[PDB]
Amino acid sequence: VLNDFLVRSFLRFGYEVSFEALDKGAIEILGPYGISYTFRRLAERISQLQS
Amino acid sequence: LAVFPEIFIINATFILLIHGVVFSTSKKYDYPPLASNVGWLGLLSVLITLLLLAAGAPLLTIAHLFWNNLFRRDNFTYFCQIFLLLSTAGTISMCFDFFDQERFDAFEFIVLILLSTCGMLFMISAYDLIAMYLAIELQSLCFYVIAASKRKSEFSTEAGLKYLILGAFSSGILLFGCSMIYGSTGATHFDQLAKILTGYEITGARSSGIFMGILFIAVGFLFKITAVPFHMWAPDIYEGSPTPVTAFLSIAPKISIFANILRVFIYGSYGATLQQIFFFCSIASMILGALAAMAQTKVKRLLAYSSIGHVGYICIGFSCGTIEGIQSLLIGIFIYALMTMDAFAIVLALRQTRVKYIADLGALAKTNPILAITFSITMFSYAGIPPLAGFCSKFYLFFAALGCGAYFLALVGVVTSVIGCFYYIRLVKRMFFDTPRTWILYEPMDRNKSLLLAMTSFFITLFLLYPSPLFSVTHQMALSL
Amino acid sequence: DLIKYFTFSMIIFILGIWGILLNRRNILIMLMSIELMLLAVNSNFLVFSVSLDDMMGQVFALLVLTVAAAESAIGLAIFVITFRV
Amino acid sequence: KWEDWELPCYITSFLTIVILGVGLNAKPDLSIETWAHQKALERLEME
Amino acid sequence: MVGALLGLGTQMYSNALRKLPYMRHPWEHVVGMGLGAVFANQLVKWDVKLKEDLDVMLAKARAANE
Amino acid sequence: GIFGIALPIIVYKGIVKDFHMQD
Amino acid sequence: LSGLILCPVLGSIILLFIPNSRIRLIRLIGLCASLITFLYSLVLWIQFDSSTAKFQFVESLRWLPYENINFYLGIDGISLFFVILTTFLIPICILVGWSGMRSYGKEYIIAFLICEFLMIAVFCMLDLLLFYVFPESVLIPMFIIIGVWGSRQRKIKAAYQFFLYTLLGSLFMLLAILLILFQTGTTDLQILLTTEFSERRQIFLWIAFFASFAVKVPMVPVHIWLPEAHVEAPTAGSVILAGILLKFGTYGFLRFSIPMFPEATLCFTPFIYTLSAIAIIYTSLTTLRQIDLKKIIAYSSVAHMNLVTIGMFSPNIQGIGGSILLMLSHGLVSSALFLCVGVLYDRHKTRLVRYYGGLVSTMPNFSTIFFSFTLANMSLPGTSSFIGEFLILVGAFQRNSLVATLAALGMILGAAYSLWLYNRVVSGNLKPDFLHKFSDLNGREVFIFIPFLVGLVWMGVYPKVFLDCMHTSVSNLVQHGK
Amino acid sequence: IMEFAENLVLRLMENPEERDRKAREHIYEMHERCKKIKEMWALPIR
């Protein structure tokens, strides 16, 4: 039973903090995603100045 | 009668122009700077007009001589004109510091603001393509002049020059629209153009002349109000020109051109065929406002993009022709104007800085903390924070967009307004809770800005506690159209 | 024949807006094209007033004349001020 | 507990505590259970 | 009315923005705002009257149920 | 494991649904 | 209610004309204004009749003429004692601030920005548009309370992406509120009750309200704002946050979810079931990971609040009674624990948690009271929180008891870590480096503790006076959900 | 008791017309549902 609790606490830390990092990393990535799309389109828009 | 608001502000401008020119060119008075003396009498020629205009409320429609020829006043023109004179009153009041402290002996900047206000009074009541164009260009010409006024710093000169180019080209587009519409209809009077354009249905009925005409008029207007796809210089226009002339050509032409749009696009031509371009303009304007405001530094250019975005948030009230939509648009102009007069009154309170960005705007939580409170109130109001007035504007606009079935327009509005709320909350936090950043100290603001900032700050916070007068006013204006 | 005297004005206006778009660098050509497109709409008003046999066109064309002229006055004066001393 | 030595002015709060104490039941009754033991008691009379 | 309190604030808020202390005779000119509040409420009444008039005009219009 | 609980939670939901199907 | 309604606004505004560097007067009079608005809340309680579907003391003032979206103010059932708890707690914040100088923390500013009874407004506001304005509106007062006098742990901020989502969720609810407002002109909550929506749209509108709510409610996917908002919050900012700002989401669900969209609620019962369940499981296990005391109490609060959710679902009169009474007991218990941890901070001036040691020597009465409230945050049967949570539990009344079996873990781990943390805080003669500065509690300190313990025990031994005054309203809500 | 608890409760009484309040509210909003559908119809007015 205590071997069970140790292995299960380790697995629990793993699962929960893994999905926590998953959430946070999705946020971090999906920011500059829109940033860079917007900047590419704006770059076309500012190359309109001297096309 | 019926032109007593115009007859006066034209006679008063002449009395001021002659009085100012005689004295400034006077050896006896040691060539005094007549600014703040032709002013003061300027802004009183506004208040006496606002008193001549508000009093004769039934008298404005006193003749027919004007009706089917020149211009038609009604309850909408009356209420929107009491607002333009009131918003011109604020704009002259905030400049009093700019006349004394900043070395301006050029009084005729005042008389040009007064002539522009007469041009706008004739825009609001403009009821014929010819009158609409002539008043539009009177006000735009006064504003080209007073935006290219500062001749020492080259930064204001090129800004005024591109403002003249953008405005003359916008007026050319608007005028080609007037030409196509007139040429394809043989009638310029909005009372005549209305009878023709009932059941026009461009997308269903082949009428290319009238279509291209309405499109060019809408494009010229969306240039004048500096909407998104045609702003094209508006940030540099607001940044380069001096601060009070920016406060003028940034709030008063919006009011006037928007009233003019309500005239031509809700009475002269009523269809769901033209408001599609305004729907697209609203979408991209809220988008550009949000994003560019997230991107800018210079407080003048930040207010430029914020005004572009808020002009977007206005046009969603026009993107549906229902009475609720027009009333939402009018609510949005009053809460955008009073808030912009406030933001520009604040930017004018900080004369000490040069062209400086939000970082130099910092430390206001420490130096003059009540002014920082007011600035946070105004910026929140733009964002639309619930307990303020800008929230009421954006919320009634979104509710009109929902009641008009434009659910996607409301969606893009809410996402852009939440982006703006985040950006302005972050700005207020960065200004208050951190970022000391070099502590530039300010000379105190004068009573004129003080009362306007104070009364407007009171209006923004204590608005939801009494929105009945403004809502009644704007619904009456919408019914009158 | 009205189309000949209008589409020609229409493409004069298109030339004006085209020169506006291209010449964002040089401003004197910008003002040239401004008065160009304020002619192509002015000549447009005159043509449409002769065609429709209506006088509002010519009244509006005269007022656009004496408004685009003041606009050119202020434009060139702003341009001369822009080239400071 | 020094009424004359009101060094932070706790007298307001203590009087509030006393008024809460006199915040009696008021015997409002007027409840769904009070009304139950009358209407459903009539229902019991139906037996 | 509430306009009196609001004016004293507008004047005091003004003093707080110019850095000046909260003192002078303009706090007695806030009675002018009390006059302003009474007029604004009076204008609310007059305005809802005119809006009801325009609304019955609209009800008469719009096909009048036909 | 976290997604496991996320899906087994709606599985308990489905157990409630099976109880609803019991009558 | 007509006159006795606006006590805090009148007090605040008429004090704004008293800058008064000598603090004594502003403290005294702000506290008196707060205490009398609380007295009028309590006499409004006494004024209650537990027998009507109508709302007890209805008042209004025209706000916009057409469709009359006006300040409709009802206090039936739940709102009755929600505003009571609000008032009950606001003098607590005014009283935790008898600090002598209180200079940088300019006393009148915190007085004026705690003495804003927009919480009273929202709990009485009974037309969900203006009702919408207020919880979103109280964020401006909350933000200034949270950091202006709040402890600075970081460059004061909230997760920016999470904050943007939190406010986006709030405005998403706004679109739903408008869709219902123009759906049938229905201005207020009585007529939004009467009306009937399209089942296809009821679910969309329900989840659209739920966005903002389940941000205000601390559900598992979005609840992180509580710990970060509290560890930086001031002693009296947390007392208000836990006290009321969490009750906002659950009361929002209670009024504008269950009797509004009965079919949508029926359809989404398992959704909220699993959401709140896994949220309680997470926030029970988390205080393992968290060593920060404020985060600990905030996560216990998340647990209790998702219990409030796992109970509000029900047409069980006992179910929603346990929901609202867990809300009352939570606004008592978590705020009492925040009072505790604030005293424990200040008396120690340290923001590490391993440093609170030898408490039975420094402040043993604080040990007694800290237990008297940590038994409650784990809901010792006998406390108010027990009555609340067990009516939450029996909320599986017409049910089949599968979510009570997840509340199993949610509450067993909660009680476990409650005891672990009360030990960890008071454990051992762990001599700290405080230089024999004992910091025994103040008479005013035990005073501000008095009312929470009193409400707690008076509920836990006699919940009648609160379940009564409520049953008529909740049962009406339920039959509309029938 | 305490000499006035009897009349201490008559600080509210039933007065059940607040339901006609919502009855006529509903008339209000039934009309108001015609707020946004209405627009320009008159070409015979001035």
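Reading the values: rules and limits
- Residues numbered from 1 in each chain as written, not as in the entry; some residues may be left out.
- Chains lettered and ligands numbered in written order.
- Part of a larger assembly, values for the part shown.
- Heavy atoms only, no water.
- Residues with missing side-chain atoms left out of burial classes, pairs and counts.
- Helix = DSSP H or I, 4+ residues; strand = E, 2+ residues; numbered from the N terminus.
- Rg over C-alpha atoms; globule rule 2.2 N^0.38 Å.
- Buried < 20%, exposed > 50% of the residue type's maximum accessible area, 1.4 Å probe, protein only.
- Areas by Shrake-Rupley, 256 points an atom, 1.4 Å probe, with all protein chains shown as cover.
- Contact = heavy atoms within 4.5 Å.
- Buried area = accessible area lost by both parts, 1.4 Å probe.
- Salt bridge = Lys/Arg side-chain N within 4 Å of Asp/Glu carboxyl O.
- Polar contact = N/O pair within 3.5 Å; in protein donor to acceptor, adjacent residues only side chain to side chain.
- Nonpolar A, V, L, I, M, F, W, Y, C, P; charged D, E, K, R; others polar.
- Core = buried A, V, L, I, M, F, W, Y, C linked by side-chain atoms within 4.5 Å.
- Disulfide = S-S within 2.5 Å.
- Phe/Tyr/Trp six-rings, centres within 6.5 Å; stacked < 30°, edge-to-face > 60°.
- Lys NZ or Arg CZ within 6 Å of the ring centre and 35° of its normal.
- Patch = residues over 30% accessible without salt bridge, like charges linked within 9 Å, V, L, I, M, F, W, Y side chains within 5 Å.
- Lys, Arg positive; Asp, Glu negative; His and termini not counted.
- Charge placed at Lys NZ, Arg CZ, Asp CG, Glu CD.
- 1 Å grid on protein atoms, 1.4 Å probe; cavity = no way out; pocket = protein on both sides within 12 Å on 5 of 7 lines; lining within 4 Å.
- Points joined across faces, edges and corners; volume = space filled by probe spheres on them.
- Expected span 1.5 Å × (residues − 1).

- The record lists cryo-EM as the method behind this PDB entry and 3.7 Å as its resolution.

### Thoughts on the overall build of chain H
Moving on, step 1. Broken down by element type, chain H carries one helix and zero strands.
Moving on, step 2. Taken along the three principal axes of its C-alpha coordinates, chain H extends 75 × 20 × 15 Å.

### Digging into the overall build of chain A
Moving on, step 1. On a plain count of helices and strands, chain A comes out with one helix and zero strands.
Moving on, step 2. In terms of C-alpha radius of gyration, chain A reaches 22 Å, well past the compact-globule figure of 10 Å for 51 residues.
Moving on, step 3. Taking the principal axes of its C-alpha atoms as reference, chain A extends roughly 75 × 10 × 5 Å.
Moving on, step 4. Buried positions account for 0% of the 51 residues belonging to chain A.
Moving on, step 5. Working note: accessible area of chain A is about 4,700 Å², and carbon and sulfur atoms make up 67% of it.

### Description of the interface of chain B and chain G
Moving on, step 1. Taken residue by residue, the interface counts 35 residues in chain B and 32 residues in chain G.
Moving on, step 2. Taken over both partners, the interface formed by chain B and chain G buries close to 3,100 Å², and the fraction arising from carbon and sulfur atoms is 81%.
Moving on, step 3. Across the chain B-chain G interface, the total number found is zero salt bridges.
Moving on, step 4. Counting across the chain B and chain G interface gives four residue pairs in polar contact.
Moving on, step 5. Those elements that provide at least two residues to the side of chain B that touches chain G are α17 (389-403), α18 (407-432) and α20 (468-480) of chain B.
Moving on, step 6. Counting residues per element, the side of chain B that touches chain G draws most heavily on α18 of chain B, which supplies 13 residues.
Moving on, step 7. The residue inventory of the side of chain B that touches chain G, partitioned by class, reads 25 nonpolar, six polar and four charged.

### Details of the nonpolar core
Moving on, step 1. Among the nonpolar cores identified, the biggest contains 414 residues, and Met132, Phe221, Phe265 and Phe278 of chain B together with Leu128, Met260 and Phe366 of chain G are the most heavily contacted of them.
Moving on, step 2. Ranked by the residues each element gives to this core, the list is headed by helix α14 (residues 323-349) of chain B, at 19 residues.
Moving on, step 3. In this structure, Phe265 of chain B is in contact with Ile214, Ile217, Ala218, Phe221, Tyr270, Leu274, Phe278 and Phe318 of chain B, ignoring residues within four places of it in sequence.
Moving on, step 4. In terms of nonpolar packing, the next biggest core, distinct from the first, is built from seven residues, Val228, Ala284, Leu288 and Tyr305 of chain B among them.

### Focus on the interface of chain C and chain B
Moving on, step 1. Between chain C and chain B, the contact holds 35 residues from the first and 34 residues from the second.
Moving on, step 2. When chain C packs against chain B, close to 3,200 Å² is buried across both sides, 82% of that on carbon and sulfur atoms.
Moving on, step 3. Taken as a group, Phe60, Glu71 and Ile78 of chain C account for 18% of the area that chain C buries against chain B, more than any other trio of residues on that side.
Moving on, step 4. Connecting chain C to chain B are zero salt bridges.
Moving on, step 5. Summed over the shared surface of chain C and chain B, the number is three residue pairs in polar contact.
Moving on, step 6. At the level of elements, α1 (2-22), α2 (27-40), α3 (42-52) and α4 (56-82) of chain C are the ones that each hand at least two residues to the side of chain C that touches chain B.
Moving on, step 7. Considering each element in turn, the side of chain C that touches chain B owes the most residues, 14 residues, to α4 of chain C.
Moving on, step 8. Split into classes, the residues belonging to the side of chain C that touches chain B amount to 26 nonpolar, five polar and four charged.

### Quick word on the state of the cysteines
Residue and element names in this part refer to chain B.
Moving on, step 1. In total, this model carries one disulfide over all chains according to the counting rule given.
Moving on, step 2. A sulfur-sulfur distance of 2.0 Å marks the disulfide that ties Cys320 to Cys404. Since a negative S-S torsion denotes a left-handed disulfide, the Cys320-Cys404 link at about 50° is right-handed. Taken as a pair, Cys320 in the loop between α13 (299-318) and α14 and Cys404 in the loop between α17 and α18 lie far apart in primary sequence, 84 residues in all.

### Let's talk about the packing of aromatic side chains
Moving on, step 1. Enumeration according to the criterion identifies 82 aromatic pairs over all chains in this entry.
Moving on, step 2. Ring centres 5.8 Å apart and planes at 90° place the aromatic pair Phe81 of chain G and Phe82 of chain G in the edge-to-face group.
Moving on, step 3. For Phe81 of chain G, a relative accessible area of 2% translates into the label buried.
Moving on, step 4. Looking at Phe82 of chain G, the relative accessible area reads 1%, which means it is buried.
Moving on, step 5. The interplanar angle of 85° and the centroid separation of 5.3 Å between the aromatic rings of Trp458 of chain G and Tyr462 of chain G together place this pair among those described as edge-to-face.
Moving on, step 6. Residue classification places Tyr462 of chain G among the partly exposed residues on the basis of a relative accessible area of 32%.
Moving on, step 7. Through a chain of ring-to-ring contacts, three or more aromatic side chains come together here, namely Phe197, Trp206, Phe209, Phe210, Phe213, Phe253, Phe261, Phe268 and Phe271 of chain G.
Moving on, step 8. Residue placement shows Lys394 of chain B over the ring face of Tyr382 of chain B; its charged tip is 4.4 Å from the ring centre.

### Considering a positive patch on the surface
Moving on, step 1. On the surface, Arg426 of chain B together with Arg154, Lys155 and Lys157 of chain G cluster together into a positively charged patch.
Moving on, step 2. Relative to the elements of secondary structure, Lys155 of chain G occurs in the loop between α6 (128-148) and α7 (160-183).

### As for the pattern of salt bridges
Moving on, step 1. Under the counting rule described, the total for this entry stands at 18 salt bridges over all chains.
Moving on, step 2. Across the pair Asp236 of chain B and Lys162 of chain B runs a salt bridge, and its minimum N-O distance is 3.6 Å. In this pair, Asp236 of chain B sits in helix α10 (residues 234-240) while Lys162 of chain B sits in helix α7 (residues 154-185), placing the two residues 74 residues apart along the sequence.
Moving on, step 3. Judged by relative accessible area, which is 25%, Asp236 of chain B ranks as partly exposed.
Moving on, step 4. One salt bridge connects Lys54 of chain G with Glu18 of chain H, and the closest N-O pair in it is separated by 2.7 Å. Here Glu18 of chain H lies in helix α1 (residues 18-32) and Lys54 of chain G lies in the loop between α2 (24-46) and α3 (78-95), a pairing that spans two chains.

### A few points about empty space enclosed by the protein
Residue and element names in this part refer to chain G.
Moving on, step 1. In this structure, the largest cavity spans a volume of roughly 290 Å³.
Moving on, step 2. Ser300, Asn377, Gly414, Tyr417 and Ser418 are, among the 25 residues lining the largest cavity, the residues nearest its centre.
Moving on, step 3. Residue assignment for the lining of the largest cavity shows that the elements contributing at least two residues are α12 (262-286), α13 (293-312), α16 (364-377) and α18 (404-426).
Moving on, step 4. Sort the elements by how many residues they give to the lining of the largest cavity and α18 lands first, with nine residues.
Moving on, step 5. Residue classes in the lining of the largest cavity are distributed as 15 nonpolar, ten polar and no charged.

### What to know about helix α2 (residues 31-60) of chain E
Moving on, step 1. Helix length check: α2 of chain E, at 30 residues, gives a terminal C-alpha distance of 43 Å against a target of 44 Å (1.5 Å per residue), a fit within 8%.
Moving on, step 2. Restricting attention to buried positions, one finds in α2 of chain E the residues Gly34, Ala37, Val44, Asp47, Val48 and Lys51 of chain E.
Moving on, step 3. Its buried side turned inward, α2 of chain E meets α4 (75-100) and α20 of chain B together with α1 (2-18) of chain E.
Moving on, step 4. Just downstream of α2 of chain E lies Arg62 of chain E, where phi reads positive at about 60°.

### Things to note about the arrangement of the chains
Moving on, step 1. In this assembly twelve pairs of chains touch, with chains B and C having more contacts than any other pair.
Moving on, step 2. At their nearest point, the C-alpha atoms of chain C and chain H are still 23 Å apart, with no contact between the two.

### With respect to unusual backbone geometry
Moving on, step 1. One non-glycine residue, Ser36 of chain B, lies in positive phi territory at about 65°.
Moving on, step 2. Mapped onto the elements of the fold, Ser36 of chain B is located in the loop between α1 (4-24) and α2 (38-41).

### Section: α20 of chain B
Moving on, step 1. Taking 1.5 Å of rise per residue, the 13 residues of α20 of chain B would be expected to cover 18 Å, and the 18 Å separating its terminal C-alpha atoms lies within 8% of that figure.
Moving on, step 2. Among the 13 residues in α20 of chain B, twelve count as buried, and that is most of the element.
Moving on, step 3. Those residues of α20 of chain B that sit buried are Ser468, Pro469, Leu470, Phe471, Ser472, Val473, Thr474, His475, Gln476, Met477, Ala478 and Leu479 of chain B.
Moving on, step 4. Along its buried surface, α20 of chain B packs onto α4, α14, α17 and α19 (447-461) of chain B together with α2 of chain E.

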